[PDB]
Every structure is written in structure tokens, then in C-alpha cells.
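Since the structure comes first, as C-alpha cells, the remarks are kept for the end.
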RNA sequence: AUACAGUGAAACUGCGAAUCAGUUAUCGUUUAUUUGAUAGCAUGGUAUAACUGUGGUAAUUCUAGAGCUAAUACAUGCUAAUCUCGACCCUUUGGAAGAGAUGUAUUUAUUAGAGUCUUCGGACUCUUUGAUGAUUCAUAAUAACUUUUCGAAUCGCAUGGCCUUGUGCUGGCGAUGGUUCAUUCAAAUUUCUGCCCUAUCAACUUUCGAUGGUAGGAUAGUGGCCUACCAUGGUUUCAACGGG
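Protein chains in written order, with the authors' numbering: chain RP, 769 to 1151; chain SF, 9 to 258; chain SM, 6 to 142; chain SH, 178 to 219; chain SJ, 30 to 121, 153 to 200.
This is the structure:
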């Protein structure tokens, strides 16, 4: 078959055995087959085929995944080999981004020369996915911190488009719509962690606007729910358990960062789903953050206490009782100062709020602080 | 690439051919270290010429302070030990009365440590402390009470330290250099200038003081406890005339 | 003064914090390159820059510390001193009048007087011909 | 050619790296013990 | 000595130079981008060089705009703009603030391109700002 | 010894190819080599040598042509994994649900680098760091830039063990390489004195650099080694300057 793929890539008679061409482009095979097949599809023309739209779609998905260099270059050659109208003004940007000399400012500058045409968006998203597929050890780091920061010079619609593009392979809304998810794949579970890292990178690069896309946010919630599902579905050989602990810590710290960075024009009226997911994360052990470096649990609770809007979805569950319990542990760590500041912020933002549930939460907080704030012996900072 | 202006404490004659062994690069300086060739050929005469010196080095036979080091021109100099399994011997090689290198004959439990004056101490990298002593033993992790011009007892089997030795009044010192070379004793007074020319001053039975620069001298030990058996019965070199006077007396 | 040139004069990398308020705008950098001296008040509360000076500039002093009498000050930041030392000759078996020229980069720490005795030491070579630096008049 | 010896040497390089690290970062702790002793002393 | 370099703006192209005793020096020619740094709170970013306005020893370089050390600049302002309005929540010193809608900033080069081959700017802020605006007034 | 196993020509690769004199400093440079520390893919492709051939050419260690095939030659490329806090238990010298932390090379900006109380035995809290004479020293943290450095696609002798006999997982001695620091060996400059005779040599150097200061370039670097800009210096009857 490798000799057959090489012979059909040498003899370039396309549209003669093109019956299962798009089916082979939608089917799976090895990498030695995939490189020769993408070379053959770039050697063809793809103007009139069985389905030229399906060929361009498989080219876009290959330039998305691509293993970050080789199929990215081959699919860029295929996309130029297709009907590449309004792309000869960006062929330099495409060749630079597919090449290993991808100066990111140069790629976003040649696209800023090819701008006001918007015919480079799918190629730029596939180049962003290729630059995001860098893996492990400090060269991947020096490339990823360049890529996620340099992609901020793009459209305000195309940023949410790239976020939804990351959302697509591991959204699973049809899996999580009924109750929760029930199927466990570690390879897609790692892509959830990659989406978590890319979303945290985009939030840290632009933490004012942050660009909320609702299906991407619900897919991040679905990834955290799959993490709690694996924790309840413990695989005690535990490579999956270590991967799930690596996914849930970064997932919680990323989901706290999006809310705590945007905090004004995001986190829409469907906050009850995130409150339900946080209730699922607290129903294991609500007081499991008694350390001073309590990451994202105390941050989400304190951000909900700080922003006065979130008290409704706070008092939906009994979550202020959980934060008061983690504060009212006996040997509590130096996060007790953040808990007392949370009591200060939640007094005039729940006891000066709506009486049905926010003043009820403030009454529960005052009843906690009357008989549980006794040991005030903070002999450290007088401030 | 040549020699014959060799340091004259090597017991080297003039009619041994022209060139002398050039000391290769190693632990010590050239002016105060003898190579294994001038040791094994014309210092204890276990060999005759360089061909058979190469034979008894590449016989896996010599072990300068714990390891083989097959190199003729290897500058194993001051305070090292040279063990040989055959001939039962360990040679701590030190200074003496006249200035040249006195051999010892050392047993095993004294031959399983040397000691070293520190040359400098710093902090190396990643927070780790940093000690280098006179032979290039750049050793990590000392005890924290580190001074400079200070003696550490190197375990010499595994290259760590086993004992620490400070320096102040009333603990022994031994000179390596100057006109007063190879001499012990430490009891007068501890004077220090700035810009050098200072010494821990040296005792005598007649209170004879020898003051040099402090780079040459370093601690052996304390009163009653030196950490090395000493050459030729604790050589202080009183006088040839006093030696003949003691000969006429006893 | 603050300038004599097209470029700018500034202590490199010893900068202030340009956001918060301090009443200096440049922390004038203290140093002493050795020799047991106490730091001069003109360096603690001075105004010049002088990259060849041993009290704010980054040059170091050690080695040959010598003395002599100032005779020439007409140059730019560099003065010539007179090591008026007597020599000996094997012919006459007497003493003779001898001196050589030694130039030294003067520092604006204390004033530049024609006639005083200086104590200057060997520095890393500041120029083509001058090798020492003024550490104290 | 992949031999029984080549992956043996690869395994030995792995073992040497992990043994050097698993001596070094423990010798750090046995230095920190003496530092803690002197900190309790002073 | 050896030959002059006189590196320019645009189209990065660097000679590979080995010199006396190892010490691989990067003889960069024709620098295109530059890493600059906020001098009062510490954020650095690669930033696209436009031009060189000032030379402190020879107005031949004010003519030909040759990149060297100690040459005052006006560069890009856009990645600092994107960080300035994308992480703040403010989306805005006062004379530094005056250089926002002008599309140009001001800084200085310290790393030698004929020696190190780098491209460094520090955003001048304070008496540096005062002296360099007085130098703009000295030119104009 | 059906991959190889002995010797092994050839060839590639690796390594090596006025003397000035005494005289200090290199906190102004690099430091090949030795030595000592030191760094958590059952392993891919070139592009060729020797050789086989076709010749020219009086001829050279002259060569072109094609067929070949090697790497410690050239050029790409990888595996969770460990240290903190550990509520609780069951007593710990633990094992624990998990709140966490993650190399190096270059460049810049910083920042840190400064008198009671007594089981008379004991405690009751007292200060952060390595120094020289001396630092923008040594070192640690963030931010990115790297025409992207390294973190072993290597070799010889044995090849032993664990038993779930896989064809697994392990494991010894040492040969080369390689990051950084130190050492050792060096270089290249630098402080102070000197030598041939002379006033029928008294003025010599800012000619087309003379001498400084400021920036820049060159530098392995201190440094007119040079560039421009600011200043008009500096040497000398002391035997200078010039000449023998």
C-alpha cells in the first residue's frame, strides 16, 4: 500500500480512482501513509472532485492537528493548491507559518498586510493550533509563550472562533446534557488539559476582555466534570488518576482565572450550572482547602463574595456555609486573613443585598462569625 | 616543551641527559609538586628508566590517593598519599628539614585521609555552598563554620570531609615555602596586617620566630594531636653545631 | 553642571524607581575601591558623574600607590604630578636632581589645586597614556 | 542495529542520571540538617 | 581593527562570527524587531522597529538611521498597547501617557548589534524623559 | 562466531604541528589540556572515502567521468517524573484524600545581595544571607528576545540476577562525549628602575592624532586601537628632542 500510495502520488492521474478519495481523507491510517497521501492531494488540483469542499475540510482539520510541523506544511501546500483566490497576498505568511522560521510578528504582520480581506482566518486558526501543539521542554515553552501572546493581534470574533475551535474535539455537550459523562478516553482527556492550558494562556495574555464563548465555557465545565467523574471512577493503576489530578488542579485554577479576570461582562445568567459543578466539587470535601495556598476554591468563593452580583448563585447552594467551615477549621492556615477579608467583603455585599437569599447567607455568615471567630490570635502582621 | 631548569629539590643531577620531566597539568603548581616519574625512578629507585616507569604505571599498579592515574608526568605533590598494594606501602609525601620532599611510610588508617588548606570558598550555583582546597578538590556542602586559610580533613576514599579544623592561637601550623621551609610549631602570637606580610608566628625551644606571608603556612593540628605522623622525629632543624654538640655530649 | 556633550551622563543601571516618589531621581552610587579610606561626603551628596573616577565610576584601585606634587592641571580631568625623587649615579658617587612626569586622572571629589601632594594608586588603564587614578589628594 | 547491548547502555544512562539526582538532592537535605542545627544553636 | 558593521533597519540577517578564544559573537546586520522593557514596573516584549531619530556623536547617523548603542528611538507602541488595554481593565506617568495616541514611544539601545547582536529598549521615564525631550528640542 | 567477532594495508574521523632584564596588577581579558565537582526512541536520513572501471597527460602528490557503500563525519529527533503542606487516623521513625512547586545557554530591565519564670536540670524569641582593603562581587526571583546552546540516536570486556520463563524487567567495570564552575598550564597587556656617546644637538610634539574628557564603533577585553563632539594640551637644559 505504501508502494501503491507512492505510485499514485507519482503518476498524477487524478479523478480516475477518486471514488473513495474523500472517504480515505475522512478515514484513518498511519503517518507514513498520511504524508504520502497529503503529498498526493497537494499534487492534485481539487477544483472539481467528488467533494472538493470535503477535501478542503479535511485539509483544514489536518492543518489544525498536523503534529505541529509536517502535515501543517503539507496541508498549507494543499490549501494553496486548491482554489486559493485572495490568498496570493498571504502566501508568504502561509509559507512562513508552515516553515520553522515562523517569526510570529512577521506572520501577523504579513497577515496585517493581507488584512481587510478576512480570507486568512481558517489558515491563521490552523497555524495557531499548530503552534499550540508544541509539547514538553522549554523549546515548546519558548514557542507557546510566543504563540498565545502573539495571537492577541487578531479579530475579536476570530479569537472566540479559535476558542470554539479548541472547544470542538472535546465539547461533549451531547455526552453531558443528560446527567454527566460516562465514557473515559485518556487521549481526549489530555486534549481537555491542552484546552485548559490554552484558555489560561489566553486569559493571562488578555485578562480584561477575555472573550467569553458560551459553548467553550460549558465545555470547560464538562472537562472539570469529567475530572470529577474520573475521581469517582478511580482507575487505581492511577496513570489516569495522576492525569486527572493534573487536569483538575489546572482546570480549577483556570476556571477561577476567567471569572476573576473578566468579572464584569461575562459569567451569564446561567451561573446555576457552574454553581452545580462547584457543588459537585465541594460535595467531596468542602473543607479540603485548609492550607494557606488554597488554589481556586477560596479564590472562587472570595470572588463571588467580592462581586456583589454572584451572591444569587452563591446562595442558590449552601456554599457560604462551606467557605465558613473551611474558615472555621481549628488549626486554619494563613488563608484565615483572606477569610476575614472575605467576611468584610461579604458583610456589606450580602447584608446590603437582596433579602430573600443574600441576606440569608449574610445571616448565616454573621452567625458563623459570632461563635466561630473566637481565636483571633493573629500575632503576625499587625496590619 | 622542554626543561632542565627544574626545581632543585627534585634531586636531579646534571648529567642525566638534557631535559627534565615537565610536570603536566594537575592538582598542584609545578614549583612545589613532584611527578610520579621523578618519584618512582630517582627518589626511591624502584625503577630504572622511563620505559619501566610506564610499565609500573600502566600495570594498574600505582594508586595516587585512591585511584590509578596512569600518567608519568602526573604532579602528585604536597600532602598527597601514594599507596601501593604490593610493597605494602603508603607514602604521604611532605616537606622536611632541608626543603625537599620527604617520603613517609604510613599505615592504612592514617592513609585513608588527607587534609587540605582551603584556597577559596563561595556559593557555587542553585544556592549550593562551594569549597575548593589546594589540590582542586572543589567540594560542595561544608559545615557552615567555614573560614579561609583553614584545614579540612578529606576522607580520600569517598571524596567528602570527615572532620573540620579551625585556626587561632594555640594550634599547630606547618610552613610550605619561604626560607624556613618545612617547619612546625605556632606558639608565639597571632599577628595580622592588611595587604599581607602577616604570619601566625612560630615557636621554638629558644623562642625563635619565623614570620612569612600567610599563603604558605597552613594548619596541621593541635598540641599532642597532629593529624599526620611527622618526618624524621618532628624535624625543627636546630643546628649542625648543636647536633655535633649533642654528639659530643651523648 | 550636568552635561558637556551631545550624549547624556548617567550612572548606568543604578536607577531610581520611576513610578514612586523619591527626592533624588538617581541614587548616587556609593563605593570605595579599597585602601582603608572613609567614603567622601562629595560622593555621598555629590553631583558629577566621572566614569573614570574611583568613587562613582566602575574602575578599581590596588597595586602601586605612589605620591608626588601637582604641577600641571590644564587638561580635561587629568593632572600631571611631579615625583621629585633623587637618583644615584655610579660615576659621580653623589646625588643629582631628577624627576619624571606622571599624569593622573583628577577626580572632582575635592578641588584641583596646583601645588598639592597627592596619594594616587595603580588602576586599570583609563586612557592611552595615563594609568593611575586620583583616590585622595 | 538494535542490540541487547545498546538498550542496556541506554538503561545504564537512565540509571546513572536517576542515581546522581537521587544522591544530590538528598545530600542537600543532609547539609540542611547541619544548617538547622546551627540555626538552633545561634 | 576589523571591518565596520553599520547595521540597518528591516530584514534581519546575521553573520556567524567566531572570535578570540571561543566567545561566539553575533554580528547582527539589519535588525527588524526589538525587545523593549517598561523601566518602572518590568514588562518586556518583542516590538517592531520603525526608525532612529537621535545620534549622540554624529548626525550622519541621524541622516542614515543606523542602529547602534545609545540611539533614541520611536518604535511601534502596539504590543505595549495590547497589553496596556487587555490586562488592565483601565484601557487608557503623564508625559509617557502623552505618547500614546501619537503612535510612537521613546527608549534607548544598550546592547551592541555588532558585538552581541541583540536589540534592547528601556522605556525612558523621568529625568531621562526630560533630558531626551530637551534633546528633541535641541534638534528641533 | 549465517550479521559481526583473528591480524588487518587503504581511507574517513579525532588529536598535534634588541633577546630586553629585574619588576606589580589583571576587581581589565580568554583559559585548549589535566584534575575535582557538576545536568530526572527496539534509537531515523544524508554523502561520500578506500575500491571497480573510462581516459587524457611528455608530464605533478595532475586529474574528470560514472558505479558503489561507513560513523563519535554532516544534519534532525523522545520517554508522566520528583520536592513542599499534609486535616484525619494510630500512634507513626508513618500513610494518607489532595491546596500546591518545577532545567540550562545569550540579551536587557530590575529586585534581593543589610529582665522575669523554675521539676535547679531546663526553658520564657530574638533577628535574612558567602567577602576581600574594596565593590553593579558570588548567588537567587520575574519578563520576553534567542537566524534555538545543551540536557548522550556512541564504544570495549564480561554478560550476573527477579521469577509471575516473559524472550520481559533489571545490573557491573570503564572508553569517548558534553553544560557550568574551579584548578592547572598558558597567552596578551600593565605599575616601578636600567643600557651605547653627545649640547660642533635647545627647544620638542597640536603635519593628514599631538595630548586629554564625553558618547559610539572596533576589543578576547582596560584602553584615541579609531570615529565624530567638547578642551588646547603635553615634553624639555633634570640632558629631554635629534644624531653616533
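Every residue, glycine too, gets a C-beta built ideally from N, C-alpha and C.
For residue 171/SF, three-class secondary structure by DSSP: strand
Identity of the residues DSSP links to residue 77/SM by a beta bridge: 85/SM
Any 3 or more C-beta pairs closer than 8 Å across the region 53–64 of chain SF and the region 100–107 of chain SF: Proximity of the region 53–64 of chain SF to the region 100–107 of chain SF falls short of the contact definition, fewer than three beta-carbon pairs being nearer than 8 Å.
Between which two residues does the alpha helix (DSSP H) carrying residue 873/RP extend? 872–881
Would you mind telling me which residues of chain SF sit closer than 7 Å to residue 204/SH, beta carbon to beta carbon, in chain order? 149
Between residue 35/SM and residue 73/SM, what straight-line distance do the alpha-carbon atoms span, to the nearest angstrom? Distance between the alpha carbons of residue 35/SM and residue 73/SM: 27 Å.
Count the CB pairs spanning the region 1077–1088 of chain RP and the region 1111–1127 of chain RP that are closer than 8 Å, and state whether there are at least three. yes
Residue 138/SF - containing alpha helix (DSSP H), residue span: Per DSSP, residue 138/SF belongs to no alpha helix (DSSP H); it is in the beta strand (DSSP E), 137–141.
Here's a check: name, in chain order, each residue in its chain whose Cβ is nearer than 8 Å to the Cβ of residue 180/SF, leaving out the five neighbours to either side. 192, 193, 194, 227, 228, 229, 230, 231 and 234
Measure the Cβ-Cβ separation of residue 141/SF and residue 127/SF and say whether it is below 8 Å. yes
In chain order, what residues of the same chain have a beta carbon less than 6 Å from the beta carbon of residue 956/RP, not counting five sequence neighbours either side? 938
With the cut-off set at 8 Å, would you say residue 961/RP and residue 897/RP are in Cβ contact? no
Quick one: list the residues of chain SF neighbouring residue 212/SH, beta-carbon separation under 9 Å, in chain order. 152
By Cβ distance below 8 Å, which residues in the same chain neighbour residue 773/RP in space, the five residues on each side in sequence not counted? In its chain, beyond the 5 residues on either side, 801, 804, 805 and 808 have a beta carbon closer than 8 Å to the beta carbon of residue 773/RP.
What does a CB cutoff of less than 8 Å around residue 150/SF pick up in its chain, not counting 5 residues either side in sequence? 129, 137, 139, 160, 169 and 172
Hey, residue 1137/RP and residue 1119/RP are a contact pair by Cβ (cut 8 Å); roughly how many whole angstroms apart? Going by Cβ atoms, the distance from residue 1137/RP to residue 1119/RP rounds to 11 Å, so no, they are not a contact pair.
Measuring alpha carbon to alpha carbon, tell me which of 870/RP, 869/RP, 871/RP and 820/RP ends up nearest residue 846/RP. 820/RP
Neighbour list for residue 976/RP in chain SJ, Cβ cutoff strictly below 9 Å: 114, 115, 116, 117, 118, 119 and 120
9 Å Cβ cut-off: residues of chain SJ touching residue 873/RP: Per Cβ cutoff of 9 Å: 61, 62, 75, 76, 77 and 108.
Between the Cα of residue 163/SF and those of 255/SF, 154/SF and 120/SF, spot the shortest distance and give me the residue it belongs to. 120/SF
For residue 850/RP and residue 882/RP, believed in contact at Cβ under 8 Å, the rounded distance: That belief does not hold up - the Cβ atoms of residue 882/RP and residue 850/RP are roughly 17 Å apart, past 8 Å.
Could you tell me how far apart the beta carbons of residue 164/SJ and residue 106/SJ are, in whole angstroms, since I believe they sit closer than 8 Å? 6 Å
With residue 115/SF as the anchor, note down where its beta strand (DSSP E) starts and where it stops. Careful: residue 115/SF lies outside any beta strand (DSSP E) and carries neither H nor E.
Whole-Å CB distance - residue 178/SF paired with residue 220/SF, under 8 Å assumed: Residue 178/SF to residue 220/SF, Cβ: 20 Å. No contact.
Using three-state DSSP, classify residue 909/RP as helix, strand or coil. Correct three-state label for residue 909/RP: helix.
Who are the near neighbours of residue 12/SF in its chain, counting only those whose CB is closer than 7 Å to its CB and skipping five residues on each side? 26, 27 and 28
Is residue 840/RP closer than 8 Å to residue 866/RP when the C-beta atoms are compared? yes
Residues of chain SM with CB under 8 Å from residue 68/SJ, in chain order? 20 and 23
For a quick check, are the C-beta atoms of residue 931/RP and residue 969/RP less than 8 Å apart? no
On the premise that residue 989/RP lies in contact with residue 1043/RP, defined as a C-beta separation below 8 Å, what is that separation, rounded to the nearest angstrom? Not really, about 11 Å apart at Cβ, beyond 8 Å.
Taking buried to mean at least 16 other C-beta atoms within 10 Å of its own C-beta, is residue 942/RP buried or exposed? exposed
Could you name the residues of chain SM that residue 186/SJ contacts, counting a contact when the two beta carbons are closer than 8 Å? 21, 23 and 30
Pull up the distance between the alpha-carbon of residue 115/SM and that of residue 206/SF, whole angstroms please. 34 Å
Are the CB atoms of residue 80/SF and residue 111/SF within a distance shorter than 8 Å? The answer is no: Cβ separation not under 8 Å.
Residue 96/SJ classed as buried or exposed, judged by whether at least 16 other C-beta atoms fall within 10 angstroms: buried
Around the C-beta of residue 98/SM, are 16 or more other C-beta atoms found within 10 angstroms, so that it is buried, or is it exposed? exposed
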